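Take a look at the structure below.
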Amino acid sequence: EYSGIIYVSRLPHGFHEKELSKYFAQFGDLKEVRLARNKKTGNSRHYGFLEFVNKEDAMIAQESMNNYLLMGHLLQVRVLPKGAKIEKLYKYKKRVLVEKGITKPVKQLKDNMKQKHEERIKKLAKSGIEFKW
Amino acid sequence: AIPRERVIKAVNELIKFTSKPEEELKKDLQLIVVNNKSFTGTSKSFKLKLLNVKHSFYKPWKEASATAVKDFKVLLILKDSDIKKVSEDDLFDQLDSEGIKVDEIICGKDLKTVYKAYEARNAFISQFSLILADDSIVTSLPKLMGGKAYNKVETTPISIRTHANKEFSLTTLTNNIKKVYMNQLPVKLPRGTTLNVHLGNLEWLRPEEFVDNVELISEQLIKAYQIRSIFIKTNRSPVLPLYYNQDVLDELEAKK
Amino acid sequence: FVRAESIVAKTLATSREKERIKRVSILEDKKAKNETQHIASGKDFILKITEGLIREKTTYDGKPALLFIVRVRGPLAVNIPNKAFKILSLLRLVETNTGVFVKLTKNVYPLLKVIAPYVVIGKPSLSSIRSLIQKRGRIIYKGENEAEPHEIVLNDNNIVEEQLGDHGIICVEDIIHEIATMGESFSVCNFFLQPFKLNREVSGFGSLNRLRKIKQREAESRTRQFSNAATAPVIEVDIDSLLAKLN
Amino acid sequence: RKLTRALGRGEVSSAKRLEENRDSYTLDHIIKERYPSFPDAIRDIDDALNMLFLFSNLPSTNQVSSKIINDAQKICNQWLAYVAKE
Amino acid sequence: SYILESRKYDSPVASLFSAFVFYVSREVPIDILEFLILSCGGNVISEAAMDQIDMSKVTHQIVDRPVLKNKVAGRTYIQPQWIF
Amino acid sequence: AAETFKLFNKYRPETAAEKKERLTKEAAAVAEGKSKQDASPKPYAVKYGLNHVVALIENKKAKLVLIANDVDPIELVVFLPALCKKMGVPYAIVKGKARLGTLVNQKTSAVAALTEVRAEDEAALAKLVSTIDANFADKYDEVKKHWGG
RNA sequence: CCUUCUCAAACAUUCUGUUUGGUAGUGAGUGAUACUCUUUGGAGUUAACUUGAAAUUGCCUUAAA
């Protein structure tokens, strides 16, 4: 026998936990929802999970909406075994970038450039692709 | 200037490096990279700067693709009004005179209607080599056509200054497309320091002509972006310093 | 039950709106702070769309004047975003098909540009405003009796005396001068008027008027252009002709 | 009835076609019977003008079809202009 | 508007004030005085009329505000309530 | 169904008005300029007649099929689902034939067929038939099954 | 069950040359080339290649009823 956890996928854009919450509150006061975004420049990777309260609530939602169509994706939703433990996907944003540098001085990094210039020339020389200078 | 004989021995040495030990077509094409101080941060751009050249490699590319399979070819996208105004007959009068040919002209409605179905969108465009767009539409495109076009440097769209203000004429294009075919090359601005250019092939026009074209771009660009250094590779090779600029390295902590 | 299709279109259109309006917001911030290197066009622009229709282009080059402006519904998926909702609620345009006058300037020319898709825009005529203010106009009175928070019709220039005699104003055609001629700072009127609550153009839902509703919506699709482009022209129409319908 | 059929179906083009394809009514025989014609008509104009000039100052709203109102306005000022110039 | 085109009088009330020209204020109610001056031949000019587009024009002037300011020294003025 | 009709009403047919209008146009163009019946484009719309539709089947050309349930001599159409099953063709039963009368300009038709569609809707159709295949191949595959026990 | 930033200037006229600016992407992965930073934390930039929009886990109110 299955669990109240449900796995939905094949989602469109513009369909976020805001939408899932106000929609599936029609079916039940939810235990929990989670959505799949990318972690970097966070946008939807088009799937998610939920538990409403009950196994029966999950069953009827899946039965109702298994092959449901929308704007021109269609969702596929499935009922899961006992447990099966949504465990991850802290909701990730598009992060603010921060600049930790340049601490090391112009003189030292220029000497780094001077020595690794020659390092580059010798590694291409030993590849072997000879190069003067 | 850079030693042209360093360029010449570079091309012959990578010729032997490539001669003996899809895949070879990936390997053999030349890339030239520039490091600079910094590009524009916190401003994500997709524009292209059309750097003038004296000799185009697109005629070698077209002569190569007549035999080859990727079918080097062009696409055009335009405002809604001009499709009834323009046709292929005019450019077939004009551009075969020089010996080039435009494949197709498209409208934005066509673009959003039939080259939706993202698989089919990609599949429609992927055969095309050179993508060209309206000076008005260029900002609106990526909501429509998407970043799979923009990731590949060949497939990244380019404007053209079309509207002779006012009462746009075709002749304004039938010279301008000749200019950008024979005499200009578009180049991208990323974030950061690093910038690649898919410069060309070695089966195409000679290293002697490529050397002066490389001299032209370098003399244009040493002032453009305060650039740091220049290297070359062909699609795997670790970087060869051919221009090593350190007078600009002194200013980096001067900026802060 | 709430029809997820409706939900996602709602959210998507608000996404479009939130996008373009944050664009124009920090744009107009950049115009005002005048770092004006990276802008397509540093100047404003104007489209007087009139009569299969004719289209005429200019700039403001202000030279300010008056305008008359009305809430129309639309478009059709847009839950209220905060950063417009506050400014329009100041402007008293809610409970749609409400019409108010304004005087243009440079602080406020962006405000019309944000509220633009939600609203119809154009300049009125002397006959039009005459017919409007003579046939309509509604005012609260408070004083000396009768607390009575009732919107009460204009009958009385003694009310104009006792409420606007500080401005030296009686004889409501003087208000018409204040509006028409952009008179002495005009905010007495613009705070006072309780501006016009207009009539639904075609009520209906009989069959014959369903047709007319659809014609109305088609004409609106023809005549409205939501370019959303953040350099776009401001739209202007024949409100003189249109209030012949709506008044 | 035909229009509602066209709207519960579609073919709104033919609906518009059907709207254009009717003949609204006239009342000339009604007039010519009820007042024969001229001196009795001008005897009984007064109650018309009262309602007319009332409605032309009456404002537009629901239950009006304000086409009627601007029609009343123009026919009113036609009367005013004639009788003024005379 | 609604100009008439062709193709003894009301004795005396027609053509009273013949060859009169009244510069009428905007403050006064026009929509009835204009019917009468059209009845009895006279021209009107309102000041709002010219907003969009030597002893010539000022023959008569219509103002019925109780108080008026700033009155100037060049006022060859009557008030129109006599005419009313 | 709602999606289906959002689709189909785009590919609604030609009415008489548009036909005579088209005819007057191509009468204008046939004489002086051109016609190979190219003065007008290829039209693309529903194929709706029963005999013609079922003739198109076994050629076979129909991308999708719509079958009314409520036809009174039901023997007209009882064979059809088997037929499109056996030929492997995208059929589905609909609720009410008057709908089809809407979309091809009749009181009713009892069958609607698609064989040709412009390119923009190809994947839309593709997902559509995928949906109904996901409604028939798994849960109304059992239309003969479910004897009680 | 919405439907997309469709163009502006400078000049001199070119029956258009030059310059300026103007986009923040469907996601998923595939393998794998180079440059910055600072400490490994890889943060940001770098060849092209698949996928039916695919997919299971990276602290306002008349647009009513």
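We place every Cβ from the backbone using ideal geometry, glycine too, and count neighbours over all the protein chains shown. Read the figures in this text as sums done on the coordinates, not as results from a lab.
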Point to revise | Cross-link table A:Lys110/B:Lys44; B:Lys20/B:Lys62; B:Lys26/B:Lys70; A:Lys31/A:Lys91; A:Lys107/B:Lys37, entries beyond 19 Å C-alpha to C-alpha | key: A:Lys110/B:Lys44; B:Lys20/B:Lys62
Check your understanding: Under the rule of -39500 (n - 2.57) per DSSP H run of 4 or more residues, summed and divided by the residues of the protein assembly as shown, what mean residue ellipticity at 222 nm is obtained, to the nearest 500 deg cm²/dmol?
Key -> -11000 deg cm²/dmol
Practice item. Identify all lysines with a Cα-Cα distance to F:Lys144 below 18 Å; exclude those on the same chain that are fewer than 8 residues away in sequence. Key: F:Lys85, F:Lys86
Review point. Please state the relative contact order of chain D as a whole percent: Cα pairs under 8 Å, 6+ residues apart?
Key: 16
Exercise for review: Rounding to the nearest 20 debye, state how big the charge dipole of segment A:63-133 is about its Cα centre with +1 on each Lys and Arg Cβ and -1 on each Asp and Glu Cβ.
Suggested key: 420
Revision key, fill the gap. For segment C:60-65, Karplus-derived ³J(HN,Hα) couplings (6.51, -1.76, 1.60; θ = phi - 60°; whole Hz; x for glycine and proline) come out as 5, 6, x, 6, x, 8
**Study point:** Hits among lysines - C-alpha to C-alpha of E:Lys71 under 23 Å, sequence gap 8 or more where chains match
**Key:** E:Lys57
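Could you count how many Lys pairs in chain D have their Cα atoms under 24 Å apart, skipping same-chain pairs fewer than 8 positions apart?
Final tally of qualifying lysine pairs is 4.
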Practice item. Quick one: which residues, 5 or more positions from B:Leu31 or on another chain, have an amide H under 5 Å from its amide H? H modelled 1.01 Å from N in the peptide plane, none for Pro or chain starts. Key: B:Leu199, B:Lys233, B:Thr234, B:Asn235
Practice item. Using Cα centres only, tell me the gap between segment D:1-46 and segment F:101-149 in whole Å. Key: 47
Exercise for review: Express the C-alpha Rg of the protein assembly as shown as a ratio against the empirical globular expectation 2.2 N^0.38 Å, rounded to two decimals.
Suggested key: 1.28
Practice item. Would you mind giving the mean number of other chain beta-carbons within 10 Å of the Cβ of each residue in E:38-49, as a whole number? Key: 2
**Study point:** Set C:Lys103/C:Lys123; B:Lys54/B:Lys179; B:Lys143/C:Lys83; B:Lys16/B:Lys233 screened for pairs whose C-alpha atoms are more than 19 Å apart
**Key:** B:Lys143/C:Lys83
Point to revise | Degrees between helix F:122-136 axis and first principal axis of chain F (Cα, 0 to 90, nearest 10) | key: 20
Review point. So who's got an amide H within less than 5 Å of the one on B:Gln184, skipping anything under 5 residues away but keeping other chains? H placed 1.01 Å off N, in plane.
Key: B:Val53
Practice item. Compute the separation of the alpha-carbon centres of segment C:43-75 and segment E:13-31 and state it in Å as a whole number. Key: 38
Exercise for review: Using only atoms on other chains, find how many Cβ atoms lie within 10 Å of each Cβ of peptide C:2-14 and report the average.
Suggested key: 5
Practice item. Quick one: what are the phi-derived ³J(HN,Hα) couplings along segment B:7-17, Karplus 6.51/-1.76/1.60 with θ = phi - 60°, whole Hz, x for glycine and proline? Key: 5, 6, 5, 4, 5, 6, 6, 6, 4, 5, 5
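Shape verdict for chain F, please, from the Cα gyration tensor: rounded (a/c under 1.5), prolate (a/b greater than b/c) or oblate.
Prolate shape, in that a/c is at least 1.5 and a/b is the bigger ratio.
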Study note, to complete from the structure: Given Cβ charges of +1 for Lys and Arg and -1 for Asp and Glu, the option among C:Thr58, C:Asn82, C:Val70 whose Cα lies farthest towards the positive end of the dipole of segment C:18-83 is C:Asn82
Review point. With θ set to phi - 60° and the Karplus curve 6.51 cos²θ - 1.76 cosθ + 1.60, what are the ³J(HN,Hα) couplings of segment C:193-205 in order, to the nearest whole Hz, using x for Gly and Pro?
Key: 6, 6, x, 6, 9, 8, 9, 5, 5, 10, 6, x, 6
Practice item. Quick one: of A:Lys22/A:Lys88; B:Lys116/B:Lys152; A:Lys132/B:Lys188; F:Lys34/F:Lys63; F:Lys6/F:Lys63, which pairs are farther than 25 Å apart, Cα to Cα? Key: A:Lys132/B:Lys188; F:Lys34/F:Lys63
Exercise for review: Quick one: which residues, 5+ away or cross-chain, put their amide H under 5 Å from the amide H of B:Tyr243? H built at 1.01 Å from N.
Suggested key: B:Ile230
Review point. What size of dipole, in debye to the nearest 20, comes out for the protein assembly as shown about its Cα centre when the only charges are +1 on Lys and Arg C-beta atoms and -1 on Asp and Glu C-beta atoms?
Key: 4400
Practice item. Mind pulling the angle between the C-alpha long axis of helix A:55-65 and the longest principal axis of chain A? Nearest 10 degrees, somewhere in 0 to 90. Key: 80
